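What follows is a set of notes on a single structure, which appears directly below.
Quick note: the coordinates plus some simple rules give every number you see, no bench work behind them. Note that each Cβ is placed from the backbone with ideal geometry, even for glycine, and that neighbours are counted across all protein chains shown.
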Amino acid sequence: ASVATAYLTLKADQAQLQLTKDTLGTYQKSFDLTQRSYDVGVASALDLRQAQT
Amino acid sequence: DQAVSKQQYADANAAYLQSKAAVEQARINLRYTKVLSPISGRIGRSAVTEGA
């Protein structure tokens, strides 16, 4: 029972690690879109800081 | 970069063209108040003088 629970929590943590990596990718795409929209002056230095956080 | 989509560019471009049309109307009204000859020829005298 213990080795079954350990293998299943290993698979679950690898799956949600992959999902967290995909959310990091989408957040990085949001950040460099906001950085592109910050240099020319559409977005101020508040939405850029929110995307950075 | 497709961070602000095409519709929010299209209405801004429409506002830009409407402002160009308003400035062209005002440039016509300021091209008047210096009344130009419509055609070229020998001119008569001023009916109203400087000040009327």
Selected residue (criterion: nearest to the other protein chains (Cβ to nearest Cβ)) from residues of the range B:1-38 that are part of a helix (DSSP H, G or I), among the small types (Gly, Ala, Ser) and under 22 Å from A:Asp39 (Cα atoms): B:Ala12
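Out of A:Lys29, A:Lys11, I need the residue that is away from chain B (no Cβ under 14 Å) and basic (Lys, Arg). Which one?
Numbers: A:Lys29 fails: away from chain B (no Cβ under 14 Å).
Of A:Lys29, A:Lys11, the one residue that is away from chain B (no Cβ under 14 Å) and basic (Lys, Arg) is A:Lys11.
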Any chance B:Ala26 is closer than 30 Å to A:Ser30 by Cα and among the aliphatic types (A, V, I, L, M): no
Sole exception among (1) in contact with a helix residue (DSSP H, G or I) (Cβ under 9 Å, 6 or more places away or on another chain); (2) in a helix (DSSP H, G or I); (3) among the hydrophobic types (A, V, I, L, M, F, W, C) for A:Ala43, by number: (2)
